[PDB]
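Trainee: File target-v2.pdb follows (PDB, C-alpha atoms):
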```pdb
ATOM      1  CA  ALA J   2      56.745 -38.385  21.885
ATOM      2  CA  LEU J   3      53.799 -36.127  20.852
ATOM      3  CA  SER J   4      52.198 -36.928  24.254
ATOM      4  CA  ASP J   5      55.446 -35.831  26.018
ATOM      5  CA  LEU J   6      55.587 -32.586  23.947
ATOM      6  CA  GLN J   7      53.024 -29.889  24.917
ATOM      7  CA  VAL J   8      50.585 -29.743  21.939
ATOM      8  CA  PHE J   9      49.430 -26.092  21.614
ATOM      9  CA  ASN J  10      46.168 -25.998  19.575
ATOM     10  CA  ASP J  11      45.566 -23.104  17.111
ATOM     11  CA  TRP J  12      42.934 -20.433  17.995
ATOM     12  CA  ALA J  13      41.716 -16.971  16.851
ATOM     13  CA  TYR J  14      38.920 -14.360  17.245
ATOM     14  CA  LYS J  15      37.115 -13.598  13.935
ATOM     15  CA  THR J  16      34.879 -11.154  15.920
ATOM     16  CA  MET J  17      31.974 -11.780  13.472
ATOM     17  CA  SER J  18      28.489 -10.833  14.798
ATOM     18  CA  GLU J  19      25.987 -13.477  13.540
ATOM     19  CA  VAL J  20      23.315 -11.397  11.707
ATOM     20  CA  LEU J  21      19.611 -11.936  10.799
ATOM     21  CA  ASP J  22      18.891 -14.827   8.355
ATOM     22  CA  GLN J  23      15.235 -13.924   7.516
ATOM     23  CA  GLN J  24      14.782 -11.851   4.301
ATOM     24  CA  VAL J  25      13.320  -8.505   5.534
ATOM     25  CA  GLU J  26      14.069  -6.227   2.520
ATOM     26  CA  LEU J  27      10.357  -5.923   1.523
ATOM     27  CA  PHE J  28       9.691  -2.134   1.601
ATOM     28  CA  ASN J  29       8.673   0.463  -1.052
ATOM     29  CA  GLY J  30      10.470  -0.549  -4.298
ATOM     30  CA  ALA J  31      10.935  -4.143  -3.043
ATOM     31  CA  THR J  32       7.097  -4.420  -2.918
ATOM     32  CA  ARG J  33       6.644  -1.707  -5.637
ATOM     33  CA  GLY J  34       4.908   0.500  -3.011
ATOM     34  CA  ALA J  35       2.792  -2.278  -1.432
ATOM     35  CA  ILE J  36       4.687  -1.846   1.896
ATOM     36  CA  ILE J  37       5.227   1.966   2.005
ATOM     37  CA  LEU J  38       7.925   2.603   4.675
ATOM     38  CA  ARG J  39       8.366   6.326   5.517
ATOM     39  CA  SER J  40       9.729   8.319   8.507
ATOM     40  CA  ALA J  41       6.755  10.564   9.440
ATOM     41  CA  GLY J  42       6.469  11.733  13.090
ATOM     42  CA  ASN J  43       2.991  11.743  14.733
ATOM     43  CA  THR J  44       1.736  12.546  18.291
ATOM     44  CA  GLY J  45      -0.586  10.336  20.406
ATOM     45  CA  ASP J  46      -0.883   6.514  20.297
ATOM     46  CA  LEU J  47      -3.135   6.583  17.182
ATOM     47  CA  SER J  48      -3.622   8.510  13.880
ATOM     48  CA  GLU J  49      -7.061   8.972  12.199
ATOM     49  CA  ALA J  50      -8.435  10.440   8.916
ATOM     50  CA  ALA J  51     -12.202  10.948   8.325
ATOM     51  CA  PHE J  52     -13.351  10.779   4.649
ATOM     52  CA  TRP J  53     -16.832  10.911   3.009
ATOM     53  CA  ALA J  54     -18.491   7.483   2.496
TER      54      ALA J  54
ATOM     55  CA  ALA H   2       5.319   8.640  33.452
ATOM     56  CA  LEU H   3       3.329   8.569  30.157
ATOM     57  CA  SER H   4       0.267   7.643  32.296
ATOM     58  CA  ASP H   5       0.619  11.074  34.014
ATOM     59  CA  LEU H   6       0.897  12.765  30.562
ATOM     60  CA  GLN H   7      -2.170  13.183  28.269
ATOM     61  CA  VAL H   8      -2.184  11.846  24.652
ATOM     62  CA  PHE H   9      -4.426  13.571  22.038
ATOM     63  CA  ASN H  10      -3.650  11.011  19.279
ATOM     64  CA  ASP H  11      -3.955  12.373  15.707
ATOM     65  CA  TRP H  12      -6.979  12.972  13.420
ATOM     66  CA  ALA H  13      -7.722  14.617  10.035
ATOM     67  CA  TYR H  14     -10.687  15.547   7.782
ATOM     68  CA  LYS H  15      -9.430  14.457   4.314
ATOM     69  CA  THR H  16     -13.154  14.080   3.368
ATOM     70  CA  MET H  17     -12.036  11.860   0.437
ATOM     71  CA  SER H  18     -15.356  11.075  -1.327
ATOM     72  CA  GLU H  19     -15.585   7.298  -1.970
ATOM     73  CA  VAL H  20     -16.864   7.012  -5.592
ATOM     74  CA  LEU H  21     -18.232   4.219  -7.875
ATOM     75  CA  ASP H  22     -15.948   1.114  -7.959
ATOM     76  CA  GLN H  23     -17.410  -0.533 -11.127
ATOM     77  CA  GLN H  24     -15.650   0.283 -14.457
ATOM     78  CA  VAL H  25     -18.302   2.138 -16.554
ATOM     79  CA  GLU H  26     -15.966   3.961 -19.010
ATOM     80  CA  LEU H  27     -17.267   1.846 -21.956
ATOM     81  CA  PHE H  28     -18.452   4.437 -24.538
ATOM     82  CA  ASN H  29     -17.456   5.175 -28.185
ATOM     83  CA  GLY H  30     -13.725   4.354 -28.607
ATOM     84  CA  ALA H  31     -13.700   2.387 -25.315
ATOM     85  CA  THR H  32     -16.048  -0.189 -26.960
ATOM     86  CA  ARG H  33     -14.749   0.585 -30.511
ATOM     87  CA  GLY H  34     -18.066   2.414 -31.163
ATOM     88  CA  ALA H  35     -20.104  -0.628 -30.022
ATOM     89  CA  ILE H  36     -21.581   1.316 -27.045
ATOM     90  CA  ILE H  37     -21.747   5.087 -27.803
ATOM     91  CA  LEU H  38     -22.825   8.009 -25.551
ATOM     92  CA  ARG H  39     -24.477  11.000 -27.325
ATOM     93  CA  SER H  40     -24.678  14.275 -25.318
ATOM     94  CA  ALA H  41     -27.630  15.373 -27.531
ATOM     95  CA  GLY H  42     -31.036  13.660 -27.046
ATOM     96  CA  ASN H  43     -34.532  13.700 -28.634
ATOM     97  CA  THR H  44     -38.002  14.967 -27.533
ATOM     98  CA  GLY H  45     -41.009  12.726 -26.691
ATOM     99  CA  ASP H  46     -41.046   9.541 -24.540
ATOM    100  CA  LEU H  47     -40.507   7.702 -27.874
ATOM    101  CA  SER H  48     -38.310   8.320 -30.980
ATOM    102  CA  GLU H  49     -39.584   6.379 -34.054
ATOM    103  CA  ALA H  50     -37.805   6.418 -37.470
ATOM    104  CA  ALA H  51     -39.399   4.958 -40.655
ATOM    105  CA  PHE H  52     -36.720   3.468 -42.997
ATOM    106  CA  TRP H  53     -37.237   1.589 -46.321
ATOM    107  CA  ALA H  54     -37.074  -2.245 -46.263
TER     108      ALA H  54
END
```
Take the structure from the file and write it as structure tokens.

Mentor:
Amino acid sequence: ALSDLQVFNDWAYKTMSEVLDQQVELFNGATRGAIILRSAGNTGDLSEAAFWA
Amino acid sequence: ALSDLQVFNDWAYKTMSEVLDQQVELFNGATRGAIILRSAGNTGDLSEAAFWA
């Protein structure tokens, strides 16, 4: 019967890497400039800018 | 590592001059002539003008 026969189950590897679910596209145009994301290099652990009060 | 190294951070002198925040551009066309600004003035602490009734 089916018990006597060796039942080989089906299997596969879709190799899909589960990705982020949170919406994180909120930069520049997405926030019309509100979140300005640029690639500017700067030395030190901090950046300052003195301006008249 | 970084502790041995010295950071100088970053600083600038933009000297941006903070200016008035209240909207005061309400003269001539801005108020449809209701509030008008005249560059020319008049002499004397007072400026009377006798017109017929």

Trainee: Can you turn the PyMOL selection byres ((chain J) within 12 of (chain H)) into a concrete residue list for this file, as a ChimeraX atom specification?

Mentor: /J:42-54

Trainee: Have a look at atom CA of residue J:39 and atom CA of residue J:22 and let me know their distance in Å, one decimal.

Mentor: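 Taking atom CA of residue J:39 and atom CA of residue J:22, their separation equals 23.8 Å.
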
Trainee: Please give the root-mean-square deviation of the Cα atoms once chain H has been least-squares fitted onto chain J, pairing every Cα in order.

Mentor: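 Chain J versus chain H: RMSD of 1.3 Å.
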
Trainee: Counting all atoms listed in the file, what is within 7 Å of residue J:38, bar same-chain residues fewer than 2 positions away, as a PDB file with C-alpha atoms, keeping the file's coordinate frame?

Mentor:
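around-v3.pdb was written with the following content:
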```pdb
ATOM      1  CA  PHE J  28       9.691  -2.134   1.601  1.00  0.00           C
ATOM      2  CA  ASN J  29       8.673   0.463  -1.052  1.00  0.00           C
ATOM      3  CA  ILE J  36       4.687  -1.846   1.896  1.00  0.00           C
TER       4      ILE J  36
END
```

Trainee: Quick one: pull the distance between atom CA of residue J:25 and atom CA of residue J:37, Å, one decimal.

Mentor: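 Separation of atom CA of residue J:25 and atom CA of residue J:37: 13.7 Å.
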